[PDB]
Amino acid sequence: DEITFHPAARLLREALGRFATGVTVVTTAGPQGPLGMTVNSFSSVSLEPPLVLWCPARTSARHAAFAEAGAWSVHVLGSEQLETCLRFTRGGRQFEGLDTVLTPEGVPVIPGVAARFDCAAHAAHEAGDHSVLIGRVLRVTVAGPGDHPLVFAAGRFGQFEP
């Protein structure tokens, strides 16, 4: 079955999709109201100090706000939160109809997610068509069981079966 190609586009996207991920929504306080963006390019980076990374696309209108933000929060979604995922993708409702709750640092959050990491901006680097934002975790919130993540793999949403 095995095939080899040089990445210079459908085939590369399919290949990268072979790496399973959770699903997050990264939020921040924008110039004119709350902002969020569905992300799966998140990674845990460091335990001491507690650091995480994620990559906003430089082709998004929200890139500047996330890149200039001092604080942002990463919400890890449970398998029952597909609708929350879809609010913060391309066509999505964003925060329209959602209650305004804020962290002490003023970041808009989504209660009821599997995990929320509230982060202070720590470092940022350009990486092609995306940036890499590294944040220091100031606070952690967990809710519910840890073993029912929303999983995205091979372009499809699904569950983890242990």
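Residue positions are given as counts along the sequence shown, with the first one as 1.
Unmodelled stretch separating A8 from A9: 1 to 3 residues (count of deposited-sequence residues without coordinates). Look at the mean CA B-factor for 86-94 and for 71-79 in the entry; the higher one is 86-94. Averaged over CA atoms, B-factors in the entry run higher in 59-67 than in the other of 59-67 and 44-52. Remark: of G33, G135, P108, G128, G33 shows the highest value [criterion: C-alpha B-factor in the PDB entry].
Per the deposited record, the Cα B-factor of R13 falls in the middle third when ranked against the other modelled residues of its chain. The deposited CA B-factor of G144 belongs to the highest third of values across its chain.
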